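Encoded as structure tokens, the structure appears first; notes follow it.
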Ligand SMILES: [Zn+2]
């Protein structure tokens, strides 16, 4: 057949018998499409997506499939908070046969007896097939396309058996993640993280009934470093320190995530009846693909991604307001690790919740009652300690601050000190091959502000709890409208100054909070084109389908 995509930007590989023993892909041409390039590759996390089982005439489907899956992944926190700090490239790897036809494919993917997708070295006797990403595709991409333009060092068809891993370690520092999308409807998924031996890729299907959730799940194993919360077993020591989101420590005073206990749906429990593997929440995507990321996974994932960029200095989880009753306020309240205790906890939280979609639960019977504003804040600086001010007040329906019988406003303020992240260098820094141990509480502070509503509070129907989390300059980092905020879709398009579209680009779509002013320094180049101007930055995004246009010369 013929390519149904532009060939103007491409890379060429040389695959000898170790990577293509049958010769079917000895000298393949791989067209390169830019799904998103908001900044220089040196400042963003670079994601490279290749297609398995797409013929030359199916590359239009492959690009659209990558855009769909990537956009749906960017709707999950913590990815969403970094959506504009990814650069995404689609590499149109052509297979002779479609996957469903079962002939020759670019990556020799088979589905084993465990429904796992695996690059099969022994399918055609290509003994280094599953090293293709870090030894062939990666170095060619980093030399020709990546703004760093690192010249290839070692010949991938010549390197002798012995120290064949170290010369390719740099690949996974310039390319944050390799993703392989299989043109199929079968439901499978698998991540392969073993950087000491060069593996950092995952495989997911394009059209399964849960393709988008599977993509976000395997991306969390690969990029975020999260473990499966469905796994059995028993984390002994060393394994306890290694795991970001799993634990086997049963004393709530010693659990790594003690500071998060009682915050939203964080209640330690076993991942199954009679299991010694504990999770911080029974509703997380890393256990069941129908859920969102739990608070620990969001914290850990956010921290991991902060290592790969240089301009993120603080994590502020979405605060919550609850009636303070003393329930679930001390570590002893969390000693029961059964799933019954978790769901009883979530029911207690819902009964006391006064924020988000439960902001309406506030009523005039709240007089003389205590309310608690709570969130979790992670400092990203290993250098600068932070001080954040929490303000909370009772607000009437019309926006006025409620008062007591003396006319004193029902408001309270408390400043919290966020310590530095001293242990930062131990938490998947750029260049690490693995994670061994980290201090979960380094740079971490649970902040709780308890306010006693006076008994003489002049409450009216429709009153609500308002709050603000402010930084040292007074910027609002989160408020009582954050949880239910509307998000608007924004697209980045790439055009020449005359107005035509730049070939081999296909701008994707991500969401930002309504009213967001995008503040990004565009990359100086796009392929060999030089950046001129951008239309759409530094203005409030107030409509779905807003287009920001990057303009390039020639
Ligand atoms: Zn989780």
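Nothing in this text is a laboratory measurement; each read-out follows from the coordinates by a stated rule. So basically every Cβ, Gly included, is an ideal-geometry build from the backbone, and we count neighbours across all protein chains shown.
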Which of rounded, prolate, oblate describes the stretch 407-454, given a ≥ b ≥ c as roots of the alpha-carbon gyration tensor eigenvalues and a/c under 1.5 marking rounded, otherwise prolate only if a/b is larger than b/c?
prolate
Over all directions, average the projected area of the Cα convex hull of the stretch 317-368 and note it in nm².
4.6 nm²
As a footprinting exposure proxy, order 305, 366 by other Cβ within 10 Å, with the fewest listed first.
366, 305
How far is it, in nm, from the label point at residue 169 to the one at residue 539 when both lie 7 Å from their Cα along the line to the Cβ?
4.8 nm
Tell me the angle of helix 211-222 to the major Cα principal axis of the chain, expressed in degrees between 0 and 90 and rounded to the nearest ten.
90 degrees
If the label point sits 7 Å along Cα→Cβ of residue 481, residues of the stretch 516-549 with amide N under 18 Å come out as 516-518, 539-544
Specify whether the C-alpha gyration tensor of the stretch 242-479 places it in the rounded, prolate or oblate class, a ≥ b ≥ c being the square roots of the eigenvalues: rounded for a/c under 1.5, otherwise prolate if a/b is larger than b/c and oblate if not.
oblate
Where a label projected 7 Å from the Cα of residue 473 along Cα→Cβ would reach, residues of the stretch 503-522 with amide N under 13 Å:
519
Sorted peptide list for 284-290, 243-249, criterion being average Cβ within 10 angstrom, highest first:
243-249, 284-290
For a paramagnetic label modelled at 7 Å from the Cα of residue 524 toward its Cβ, which residues of the stretch 28-62 fall within the zone defined by backbone nitrogen distances under 20 Å?
37-46
For the chain, find the longest principal axis of its Cα atoms and tell me its angle to the long axis of helix 59-73, 0 to 90°, nearest 10.
20 degrees
Can you give me the distance in nm between label points at residue 57 and residue 461, each placed 7 Å from the Cα along the Cα-to-Cβ direction?
6.7 nm
Let me test this: with uniform point scatterers at the alpha carbons of the chain, what is the Debye-based log₁₀ I(q)/I(0) at q = 0.09 1/Å?
-0.73
Pop a pseudo-label 7 angstrom from the Cα along the beta-carbon direction at both residue 344 and residue 241 and give the gap in nm to one decimal.
3.6 nm
Report, in degrees rounded to the nearest 10, the 0 to 90 angle that the Cα long axis of helix 339-352 makes with the longest principal axis of the chain.
60 degrees
Going by a ≥ b ≥ c, the root eigenvalues of the Cα gyration tensor, does the stretch 411-554 fall in the rounded group (a/c under 1.5), the prolate group (a/b larger than b/c) or the oblate group?
oblate
Pull out the extension gain between residue 209 and residue 335, defined as 0.36 nm times the separation in residues minus the alpha carbon to alpha carbon distance; nm, one decimal.
41.5 nm
What length, rounded to one decimal in nm, is gained on full extension from residue 101 through to residue 42, with 0.36 nm per residue of separation minus their alpha-carbon distance?
17.2 nm
Return a whole-number percent for the relative contact order of the stretch 198-263, with Cα pairs under 8 Å and 6 or more residues apart as the contact set.
20 percent
With R₀ set to 41 angstrom, the calculated FRET efficiency between the beta-carbons of residue 381 and residue 115, to the nearest 0.05, is 0.40
Taking the Cα atoms of the stretch 10-222, report the difference between the largest and smallest coordinate on each principal axis, in whole Å and largest first.
43, 39, 31
Going by average Cβ neighbours within 10 Å, how do the peptides 354-363, 40-49 rank, with the highest at the top?
40-49, 354-363
Would you work out the relative contact order for the chain, in percent, from Cα pairs under 8 angstrom that are 6 or more residues apart?
13 percent
Find the relative contact order for the stretch 433-554 and round it to a whole percent, using C-alpha pairs within less than 8 Å whose residues are 6+ positions apart.
23 percent
